[PDB]
Amino acid sequence: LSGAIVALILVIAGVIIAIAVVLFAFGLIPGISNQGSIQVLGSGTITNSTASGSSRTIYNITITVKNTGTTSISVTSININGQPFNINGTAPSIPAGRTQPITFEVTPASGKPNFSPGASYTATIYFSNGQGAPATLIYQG
Amino acid sequence: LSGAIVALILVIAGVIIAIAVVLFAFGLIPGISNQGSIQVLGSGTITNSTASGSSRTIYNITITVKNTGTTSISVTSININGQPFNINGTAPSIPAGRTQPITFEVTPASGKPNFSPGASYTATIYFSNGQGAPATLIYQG
Amino acid sequence: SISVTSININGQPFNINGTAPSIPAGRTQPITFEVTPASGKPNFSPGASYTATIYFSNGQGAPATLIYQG
Amino acid sequence: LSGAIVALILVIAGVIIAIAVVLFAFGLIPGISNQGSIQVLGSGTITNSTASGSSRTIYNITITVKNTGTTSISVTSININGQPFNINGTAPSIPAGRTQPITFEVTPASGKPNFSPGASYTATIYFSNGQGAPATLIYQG
Amino acid sequence: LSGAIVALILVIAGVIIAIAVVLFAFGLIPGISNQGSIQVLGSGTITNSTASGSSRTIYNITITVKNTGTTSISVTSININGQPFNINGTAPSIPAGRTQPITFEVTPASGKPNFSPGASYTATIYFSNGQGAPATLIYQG
Amino acid sequence: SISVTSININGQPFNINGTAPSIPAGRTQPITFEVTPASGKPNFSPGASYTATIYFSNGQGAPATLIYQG
Amino acid sequence: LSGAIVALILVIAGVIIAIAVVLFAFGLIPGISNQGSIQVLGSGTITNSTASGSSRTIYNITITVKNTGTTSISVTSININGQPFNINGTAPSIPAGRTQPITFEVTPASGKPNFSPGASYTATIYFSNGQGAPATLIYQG
Ligand SMILES: *[C@@H]1O[C@H](CO)[C@@H](O[C@@H]2O[C@H](CO)[C@@H](O)[C@H](O[C@@H]3O[C@H](CS(=O)(=O)O)[C@@H](O)[C@H](O)[C@H]3O)[C@H]2NC(C)=O)[C@H](O)[C@H]1NC(C)=O
Ligand SMILES: *[C@@H]1O[C@H](CO)[C@@H](O[C@@H]2O[C@H](CO)[C@@H](O)[C@H](O[C@@H]3O[C@H](CS(=O)(=O)O)[C@@H](O)[C@H](O)[C@H]3O)[C@H]2NC(C)=O)[C@H](O)[C@H]1NC(C)=O
Ligand SMILES: *[C@@H]1O[C@H](CO)[C@@H](O[C@@H]2O[C@H](CO)[C@@H](O)[C@H](O[C@@H]3O[C@H](CS(=O)(=O)O)[C@@H](O)[C@H](O)[C@H]3O)[C@H]2NC(C)=O)[C@H](O)[C@H]1NC(C)=O
Ligand SMILES: *[C@@H]1O[C@H](CO)[C@@H](O[C@@H]2O[C@H](CO)[C@@H](O)[C@H](O)[C@H]2NC(C)=O)[C@H](O)[C@H]1NC(C)=O
Ligand SMILES: *[C@@H]1O[C@H](CO)[C@@H](O[C@@H]2O[C@H](CO)[C@@H](O)[C@H](O)[C@H]2NC(C)=O)[C@H](O)[C@H]1NC(C)=O
Ligand SMILES: *[C@@H]1O[C@H](CO)[C@@H](O[C@@H]2O[C@H](CO)[C@@H](O)[C@H](O)[C@H]2NC(C)=O)[C@H](O)[C@H]1NC(C)=O
Ligand SMILES: *[C@@H]1O[C@H](CO)[C@@H](O[C@@H]2O[C@H](CO)[C@@H](O)[C@H](O)[C@H]2NC(C)=O)[C@H](O)[C@H]1NC(C)=O
Ligand SMILES: *[C@@H]1O[C@H](CO)[C@@H](O[C@@H]2O[C@H](CO)[C@@H](O)[C@H](O)[C@H]2NC(C)=O)[C@H](O)[C@H]1NC(C)=O
Ligand SMILES: *[C@@H]1O[C@H](CO)[C@@H](O[C@@H]2O[C@H](CO)[C@@H](O)[C@H](O)[C@H]2NC(C)=O)[C@H](O)[C@H]1NC(C)=O
Ligand SMILES: *[C@@H]1O[C@H](CO)[C@@H](O[C@@H]2O[C@H](CO)[C@@H](O)[C@H](O)[C@H]2NC(C)=O)[C@H](O)[C@H]1NC(C)=O
Ligand SMILES: *[C@@H]1O[C@H](CO)[C@@H](O)[C@H](O)[C@H]1NC(C)=O
Ligand SMILES: *[C@@H]1O[C@H](CO)[C@@H](O)[C@H](O)[C@H]1NC(C)=O
Ligand SMILES: *[C@@H]1O[C@H](CO)[C@@H](O)[C@H](O)[C@H]1NC(C)=O
Ligand SMILES: *[C@@H]1O[C@H](CO)[C@@H](O)[C@H](O)[C@H]1NC(C)=O
Ligand SMILES: *[C@@H]1O[C@H](CO)[C@@H](O)[C@H](O)[C@H]1NC(C)=O
Ligand SMILES: *[C@@H]1O[C@H](CO)[C@@H](O)[C@H](O)[C@H]1NC(C)=O
Ligand SMILES: *[C@@H]1O[C@H](CO)[C@@H](O)[C@H](O)[C@H]1NC(C)=O
């Protein structure tokens, strides 16, 4: 007598679980939309900031960043013209909804890159979303 | 003795329902074809079609539409420049195999659109077969 | 051995005129058969490709693409 | 005992349907080739072809068209200077492998076009194979 | 006492049948999971083989073919420029793991081709697995 | 400890030449074993990917991808 | 009682098989994800190697080739000016990570070339990966 009751319970539960899975599938997508929260807009600038040889060739990156997400997002790493770079201070963070000029100091990860006045160098800024925004920096130092 | 009888009933019912589900999966296929029956050809035209002191602005929209299905299909909604528009009157029907310049009247639902003479606007035409088609509309006046 | 029972072309059902072809087991063949529209009239265009579904005696249905040659 | 039987049925059906979908994906490919069968060669000519007091203006349009496919293809719509035009009469057919000067009659659908003698107009010719071709038409009178 | 023993019998039998179905599912994997395919490398050539004024047109098709699988595979059909062709004669077989220049004769299944010297035609070659490789064939005359 | 009972590579059966390798409990380790074609002579191309199903003593059949390197 | 235990068996087995398929998907990545390519740098040269009035025409082809990948790659065919050529002899192999001047002899697969001194001909060199590099070859005589 129990078999029919077990089958009934499993049928109804299967309906419920399938509907729950369907809803979860859609519930995923607003999370994934955060992968493109940030846009880097306008031409940035890179400037010599080394203090006449008193620092390990530390440069200044200024870029206008727009954040459309609901969370503050920070710059985790930067690559300039193929070369890795390391942020010298604490990472800048862009608040939600803002469009603002982020400025941060940077160091060569290896070697000593030489820049020419007025040249354009492509840099990829990697933000905490994992999003990598390409941008163009004009050297001004 | 009851349990074996119940198990027999449930086994046969499971066979029947599983076969029915498989056949339904096979039967779904023909309905998919109709999702692409229509394609919009070339640019279209928006025109201002409202009188002085009228309650509402109404725009005549003309687009060339090609239907490839067996059945007549009609427009259900249009979204121009991001704003959704509401279709006035009886929506035009596009005959089964014909290519026709179709014209229909729309009125803004979200807010007043500031169309500019001679400007080009992106739009999405949504047809009754559940198909959306990109289109480019020139505002003639 | 398996035989055709119906075909649906461009969302329109067609009836398999005549003795429906039978496909022998384990064999690859060119199969040709005549069909008539169950209702209405087709709007085929030369060179166009139409999605169809061919339904066989097991109830299984194979989707296919048919080009109209005129 | 029912669940294992149902699972067996569904597993085999899934194998069958997945293989069918893969074969359909492979079978779609030949239809893509026909989308580029036709190319328009050189400039064309528009001419005024309506009598006094007629209900409508009708323009003869002549264009050289080259067909490379196995099947005859015909014109379905034309869009001149942004305005869509409606093709009068039986649309001309372009034989499979031939290059021909084709002529057809059109009438304006959106509104009266103010063609200027000797002017050059951009147009898009839309053919029955779903292909659009840019063309340049000189208005001869 | 009967109910408990019957329920235990059905529980053990359900375990048996479920494990059998699971092992069947595991055994299906080798048949469906079959990597490797025939890859068509570079452009092939179509050459007119019809001779002596005989009634039937035959064309040589030469293509470079690389069988990445572990099984012998043969050509079953070809579609050129939207037109189907029949593989005249014993269809060529491509040995496993081998890259070969493969040449075979074809005849039009219907109609007549419109090939032009030096033109490039998109074709699809269908192999015994049902997979179909798109290729480009240049007509050499 | 669980052992490799049989292997199928790209649909073709294969036979282990030595004693079957055995994976101890809780371990993650590289199993390496010799194999022979059960029938025929399969030919592999450098850098190609071949799917193989390894059947373990549990009856579990794990699909995996092997890249030919010889 | 049988139904619940059978359902639990199938749930666990489904977890097992699904995770196995996911791991297979992860294992496919290295085979498909293969960066690096053979790059043809600058213009190459075609020189007439036919000598002694022998019946078969042979041409020297010299090109600068940079293998950016981690695998040895060889040429398989070349197409010059729309005409296929066969790589006479043991086809040259390009070692990994190396830039080399590569030279190989070719013969026309059909017909005869029409090369003119000083003319530049577009060619396509097909390598063992199936990738094909376009190049420009100058005929030096
Ligand atoms: C940005 O400004 C920097 C400072 O003007 C430039 O780098 C300096 O370049 C000079 C010559 O190229 C080099 O001598 C400096 O090096 C160091 O010198 C120190 C002594 S002193 O020169 O300061 O008196 C040493 O103590 C030290 O060990 C040396 O490494 C060098 N300075 C640094 C910090 O590298 C730089 O060229 C300029 N432009 C860019 C794009 O960076
Ligand atoms: C590939 O070769 C084919 C054979 O030469 C070409 O087809 C032939 O095309 C010519 C016209 O271009 C046509 O006259 C041939 O038709 C036959 O002609 C015979 C007499 S003769 O012409 O040989 O002197 C007749 O006896 C016969 O009844 C005709 O059918 C025609 N041949 C066929 C078999 O169709 C074809 O043009 C060429 N190119 C391509 C792209 O196929
Ligand atoms: C590259 O070199 C080729 C070989 O010298 C050139 O082809 C030769 O072209 C000449 C005419 O320009 C032609 O006469 C050759 O044909 C043969 O001639 C022999 C006699 S002799 O000419 O050597 O005195 C005959 O015995 C023989 O049967 C002919 O076939 C011809 N050679 C070949 C193999 O075709 C070619 O023009 C040159 N340039 C290019 C762009 O290929
Ligand atoms: C480079 O960026 C830094 C900010 O990180 C700027 O440094 C500031 O300089 C002003 C005076 O010019 C000081 O009052 C601030 O305290 C500095 N801030 C930090 C964090 O050091 C600098 O001005 C920028 N421009 C350069 C170096 O040319
Ligand atoms: C907009 O379209 C409407 C119909 O969709 C057109 O209305 C007709 O206009 C003509 C005169 O132009 C009248 O004779 C008809 O009685 C009107 N009604 C119908 C149902 O045809 C209108 O002309 C169009 N307006 C513009 C500016 O294009
Ligand atoms: C379309 O033309 C009509 C007039 O025929 C315009 O309607 C009125 O225009 C005046 C002046 O801008 C406004 O004060 C009224 O409010 C308008 N009426 C309505 C109902 O909007 C109308 O603005 C024109 N629309 C466009 C897009 O040009
Ligand atoms: C426009 O094209 C039409 C047909 O598409 C032409 O109509 C023919 O005109 C000639 C005289 O010019 C008559 O003898 C024929 O009876 C007409 N009909 C057909 C079907 O040929 C017309 O000539 C063209 N007009 C212009 C101005 O080019
Ligand atoms: C083409 O020529 C015809 C005359 O053969 C023109 O038709 C009439 O022209 C008068 C004067 O402009 C107008 O009042 C009528 O309304 C016109 N009739 C029609 C049906 O439009 C026509 O305008 C000419 N078209 C072009 C583009 O030149
Ligand atoms: C086309 O391919 C066929 C073979 O598939 C070639 O036919 C051979 O031609 C040679 C030369 O006359 C004969 O010795 C052989 O007996 C033929 N074999 C067959 C099977 O027909 C033909 O030469 C090829 N043509 C071209 C232009 O490549
Ligand atoms: C074309 O390349 C071939 C080699 O690929 C060269 O042939 C060599 O020629 C030299 C000089 O006569 C001989 O010593 C060698 O034995 C030849 N080797 C081979 C493999 O043929 C040929 O010289 C080159 N020609 C040009 C003009 O560069
Ligand atoms: C680097 O960052 C530190 C703080 O972390 C700051 O005091 C310093 O001025 C920055 N620049 C240099 C050249 O050290
Ligand atoms: C909207 O459409 C209806 C029916 O076609 C028509 O009667 C009405 O006049 C239209 N709106 C306006 C403002 O004219
Ligand atoms: C089917 O078509 C053929 C023509 O090829 C005709 O002879 C036959 O009568 C038709 N039969 C039916 C049932 O439509
Ligand atoms: C429109 O096309 C038809 C079909 O050829 C023709 O009879 C008719 O006259 C054309 N229109 C005019 C105004 O002549
Ligand atoms: C195929 O073509 C060859 C010509 O090379 C001819 O000898 C043979 O009879 C043809 N066979 C068929 C079935 O078309
Ligand atoms: C196969 O296994 C045996 C041991 O069973 C081993 O000695 C031998 O080297 C292996 N390979 C060959 C090629 O025999
Ligand atoms: C390739 O050309 C060379 C001439 O340098 C010749 O010795 C050799 O026999 C040719 N080989 C082939 C297969 O044509």
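Each reported figure results from applying straightforward, stated rules to the coordinates on display, with no laboratory input. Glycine gets a Cβ as well: all are built from the backbone with ideal geometry, and neighbour counts include every protein chain shown.
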Within region D:22-50, take every residue that is of a type in the set (A, V, I, L, M, F, W, C) and either closer than 23 Å to D:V75 by Cβ or in a loop (DSSP other than H, G, I, E, B) (or both) and give me the one that is nearest to the other protein chains (Cβ to nearest Cβ).
D:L28
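Filter region B:64-86 for residues that are part of a loop (DSSP other than H, G, I, E, B) and of a type in the set (S, T, Y) and give the result.
Across region B:64-86, the qualifying residues are B:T68, B:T70, B:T71, B:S72.
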Determine whether region A:8-21 contains at least one residue that is in contact with a helix residue (DSSP H, G or I) (Cβ under 6 Å, 6 or more places away or on another chain) and outside any loop (DSSP other than H, G, I, E, B).
yes
G:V11 fails exactly one of the following numbered conditions: (1) in contact (Cβ under 8 Å) with a residue 12 or more places away in the chain; (2) away from chain F (no Cβ under 14 Å); (3) of a type outside the set (G, A, S). What is the number of that condition?
(1)
When restricted to F:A25, F:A38, F:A20, the only residue away from ligand 9 (no atom under 16 Å from the Cβ), within 13 Å of another protein chain (Cβ to nearest Cβ) and of a type in the set (A, V, I, L, M, F, W, C) is F:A38
Going residue by residue through region F:34-45, is there one that turns out to be more than 16 Å from ligand 16 (Cβ to nearest atom), assigned to a loop (DSSP other than H, G, I, E, B) and closer than 23 Å to G:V21 by Cα?
no
So which residues in region A:87-102 are under 17 Å from A:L41 (Cβ atoms) and not in a strand (DSSP E or B), if there are any at all?
A:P92, A:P95, A:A96, A:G97, A:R98
Checking A:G53 against (1) assigned to a loop (DSSP other than H, G, I, E, B); (2) among the small types (G, A, S); (3) surrounded by 15 or more Cβ atoms within 10 Å (Cβ to Cβ), which single condition isn't satisfied?
(3)
Note: among F:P46, F:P24, F:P37, just one is out of contact with any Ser or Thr (no Cβ under 9 Å at 6 or more places or on another chain), touching a residue at least 12 places away in the same chain (Cβ under 8 Å) and not charged (D, E, K, R), namely F:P37
In region E:100-141, how many residues are within 18 Å of the chain's Cα centre (by Cα), surrounded by fewer than 18 Cβ atoms within 10 Å (Cβ to Cβ), among the hydroxyl-bearing types (S, T, Y) and over 23 Å from C:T32 (Cβ atoms)?
2
Mind checking which residues of region E:111-141 are more than 24 Å from D:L23 (Cα to Cα) and either within 9 Å of chain D (Cβ to nearest Cβ) or in contact with a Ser or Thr (Cβ under 8 Å, 6 or more places away or on another chain) (or both)?
E:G111, E:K112, E:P113, E:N114, E:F115, E:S116, E:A119, E:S120, E:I138, E:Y139, E:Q140, E:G141
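Out of D:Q83, D:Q39, report the one residue that is of a type in the set (S, T, N, Q) and surrounded by 17 or more Cβ atoms within 10 Å (Cβ to Cβ).
Every option except D:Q83 fails the conditions.
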Picking from E:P101, E:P84, E:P95, E:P108, the residue that is more than 14 Å from chain F (Cβ to nearest Cβ), under 24 Å from G:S128 (Cβ atoms), free of Cβ contacts under 8 Å to residues at least 60 places away in the same chain and more than 16 Å from ligand 11 (Cβ to nearest atom) would be E:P101
